[PDB]
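Structure record follows, encoded as structure tokens.
Counting from 1, the numbers follow the sequence of the chain as shown.
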Amino acid sequence: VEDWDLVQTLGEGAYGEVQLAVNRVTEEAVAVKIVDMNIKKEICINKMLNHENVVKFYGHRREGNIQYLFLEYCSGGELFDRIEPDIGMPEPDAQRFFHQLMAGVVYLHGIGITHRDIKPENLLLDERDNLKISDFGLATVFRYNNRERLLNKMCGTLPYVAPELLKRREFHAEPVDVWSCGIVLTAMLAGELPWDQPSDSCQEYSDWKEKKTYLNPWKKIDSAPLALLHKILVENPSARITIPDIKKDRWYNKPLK
Ligand SMILES: CN(C)CC(C)(C)COc1ccc2[nH]c(-c3cc(NC(=O)c4cnn(Cc5ccccc5)c4)c[nH]c3=O)cc2c1
């Protein structure tokens, strides 16, 4: 029962690959992340995580240069692949995935962890299309012994990143994750990213601050989810909506399909 057949390749990453592995006896699947050993922290963070919208960590094995992490298998693949270019997806599915993303993110924040790289490539779908947050490689602790520390390393992926992280030496962790979730929502409902980065050097970002919502991607989005996006994609992180308030939003609580 301790033996696993590496069946299929799942994902190349920078540092590794991810293999479907199946158990010889039980036929259980796992995803196996394989790296030429950042990683100490990733394992350490994963060890603290236990939630239905976070990819389960099963364990690790040293093997000299090669680090193995054994991770929950999500047969649905990446949310990224459910987003049709230029269209997105049906609004009820976007809503359900967003509900689950917030559940995952609430959980992480409640234990003082920030993911710092939320995007569709990192949101996995299990067999019943349940969304799971993956890839704790950029994640870090922002609250410890009930004291918040401010972040100052710039980490993430530029189209998903909050504007305060390009402009401020220090910033709060939670609003940043909130922002990226908003860019994820936008992608789900429009099938495109609104900007390369949230700077006034990008015209699409200037246009959004000038409320030009008759332009794309905003014109493809119904008025109710767009009103939520108006509260999330707010340049000042202190005025940006918080998760407890997202859970009170009208579209968030709209019955759909
Ligand atoms: C492109 N596609 C049309 C090709 C096709 C093969 C159809 C992809 O379809 C699937 C289907 C199911 C999948 N499941 C997984 C998976 C991925 C992870 N990954 C992670 O948890 C993690 C942790 N860190 N990273 C990024 C990384 C990876 C390697 C090295 C460094 C960083 C990823 C954990 N569990 C999974 O189950 C990927 C995956 C892909």
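Nearest heavy atoms, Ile221 versus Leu226: CG2-N, 3.9 Å. In plain terms, the two heavy atoms of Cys155 and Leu165 that are nearest each other are O-CD2, 3.6 Å. Taking both residues in full, the closest heavy atoms of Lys132 and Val55 are given as CB-CG2, 3.5 Å, listed atom of the first, atom of the second, then distance. Across all their heavy atoms, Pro198 and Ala162 have their closest contact at CG-C, 3.9 Å. Closest non-hydrogen pair, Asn122 versus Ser134, comes out as O-OG, 2.9 Å. Heavy-atom minimum distance, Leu138 versus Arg116: O-NE, 2.8 Å.
Using a cutoff of 4.0 Å between basic side-chain nitrogens and carboxylate oxygens, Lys254 and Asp249 are not scored as salt-bridged. Ion pairing of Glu170 with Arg149 is absent here, as no side-chain N (NZ or NE/NH1/NH2) approaches a carboxylate O to less than 4.0 Å. A salt bridge between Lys257 and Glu91 is absent, with no side-chain N of the basic residue lying under 4.0 Å from a carboxylate O of the acidic one.
At a cut-off of 3.5 Å, with distance as the only test, no side-chain donor of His115 or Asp177 sits close to an acceptor on the other residue. Under 3.5 Å, the side chains of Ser180 and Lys119 contain no donor-acceptor pair of N or O atoms.
Checked by atom type and distance alone, the side chain of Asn53 pairs as donor or acceptor with a backbone atom of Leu131 at under 3.5 Å. Under a 3.5 Å cut-off, the side chain of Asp222 and the backbone N or O of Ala224 do form a donor-acceptor pair. A donor-acceptor pair under 3.5 Å is formed between the side chain of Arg96 and the backbone N or O of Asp129.
Surrounding CG of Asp196 are at most 12 heavy atoms belonging to other residues, nucleotides or ligands under 6.0 Å away. The environment of CD in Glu210 is crowded: more than 12 heavy-atom neighbours from other residues, nucleotides or ligands sit within 6.0 Å.
Here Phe70 and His60 keep their ring centres 6.0 angstrom or further from each other. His172 has its ring centre no less than 6.0 Å from the ring centre of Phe142. A ring-centre distance under 6.0 Å is found for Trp208 and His230.
We find the NZ-CZ distance between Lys41 and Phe136 to be 13.0 Å, quoted to the nearest 0.5 Å. Expressed to the nearest 0.5 Å, how far NZ of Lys231 lies from CG of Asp245 amounts to 7.5 Å. Separation of atoms OG1 (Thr9) and CD (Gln19) is listed at 5.0 Å; rounding is to 0.5 Å. The distance from the NZ atom of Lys211 to the CH2 atom of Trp218 is 13.0 Å, given to the nearest 0.5 Å. In this structure, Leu233 CG and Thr186 OG1 are separated by 5.0 Å, a value rounded to the nearest 0.5 Å. For the atom pair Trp4 CH2 and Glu28 CD, the distance stands at 5.0 Å (nearest 0.5 Å).
Just one residue in the list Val176, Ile246, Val105, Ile243 forms a side chain to side chain contact (heavy atoms under 4.5 Å, CB included) with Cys181, and that residue is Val105.
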Does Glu164 form a salt bridge (charged side-chain N to carboxylate O under 4.0 Å, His left out) with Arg240? I'd like the steps, not just the answer. CA-CA 11 Å; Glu164 59 272 24; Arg240 187 174 309 147; 2.8 Å; yes

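Both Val184 and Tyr252 are assigned to one and the same hydrophobic cluster, defined by single-linkage of ILVMFWY side chains at heavy-atom distances under 4.5 Å.
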